[PDB]
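Asks: Before I ask anything, let me first share the structure, which is written out below as structure tokens.
Just so it is clear, none of the values below were taken in a lab; they were calculated from the coordinates. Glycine also receives a Cβ, built like all others from the backbone with ideal geometry; neighbour counts cover every protein chain displayed.
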Amino acid sequence: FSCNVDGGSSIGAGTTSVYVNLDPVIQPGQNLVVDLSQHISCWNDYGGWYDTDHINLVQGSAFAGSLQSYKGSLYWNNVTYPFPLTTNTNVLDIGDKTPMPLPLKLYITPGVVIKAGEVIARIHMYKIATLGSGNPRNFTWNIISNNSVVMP
């Protein structure tokens with residue numbers, strides 16, 4: 001099982017930065033959408049659905065630092081969750097060699113809103129396979145804003 005960010009090198013586990021662009025000027029009632037399907041993809045390293053991988057996001061995934069006062073929602077694989085996650089999400093099956101973009105969106109409801117380079121969320125992902133011990137792996141996606149966001 002492997003993932004990559006923006007078509008980069010393969011990742012087997014651990015913490016990876018995911019850089020996103022956010023609407024740089026917003027109004028008080030505006031919510032920021034972070035479409036992570038545009039950045040993160042994962043695949044089965046065998047293909048043909050032999051040793052299918054089961055993937056979900058993990059309870060405790062949250063906004064970072066000052067953004068914890070922000071309110072959110074997280075879309076994952078046809079279910080929408082309150083964010084921060086109080087639950088593990090549903091399971092997504094990964095069985096092909098073809099990279100699958102993660103069906104994942106983050107909705108943020110926030111004059112400095114976000115600083116360039118700031119971690120806005122930490123999303124924990126769990127992988128376990130179908131054969132043997134399952135070879136369980138933990139991923140953390142550190143979502144980082146490329147840009148500053150203001151709300152004048």
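Asks: Which value, in debye to the nearest 20, describes the size of the charge dipole of the chain about its Cα centre when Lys and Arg Cβ atoms bear +1, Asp and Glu Cβ atoms bear -1, and nothing else is charged?
Replies: Rounded to the nearest 20 debye, it is 340 debye.
Asks: What ranking of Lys71, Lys97 emerges when the number of other C-beta atoms within 10 Å of each C-beta is taken as an exposure proxy, fewest first? Intermediate results must be reported in sequence, preceding the final value.
Replies: Details: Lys71 13, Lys97 10.
In increasing order of surrounding Cβ atoms, one gets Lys97, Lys71.
Asks: FRET efficiency for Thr109 and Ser10, Cβ-Cβ distance as r, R0 = 30 Å, nearest 0.05?
Replies: 0.30
Asks: Could you check the simple spin-label distance between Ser37 and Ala116, using points 7 Å along Cα→Cβ, in nm with one decimal?
Replies: Distance between label points: 3.0 nm.
Asks: Under 24 Å Cα to Cα from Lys115, which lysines show up? Leave out anything in the same chain fewer than 8 places away.
Replies: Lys71, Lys105
Asks: What is the order of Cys42, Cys3, fewest Cβ neighbours within 10 Å to most?
Replies: Arranged by neighbour count, lowest to highest, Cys42, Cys3 become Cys42, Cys3.
Asks: Please give me the summed charge of the neighbours of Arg137: other residues whose Cβ is under 10 Å from its Cβ, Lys and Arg +1, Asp and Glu -1. Please report the intermediate quantities before stating the final value.
Replies: Values: positive: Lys127; negative: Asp53.
Around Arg137, the surrounding residues sum to 0.
Asks: What is the mean projected area of the alpha carbon convex hull for the chain, to one decimal in square nanometres?
Replies: Values: hull surface 34.6 nm².
The number I arrive at for the chain is 8.6 nm².
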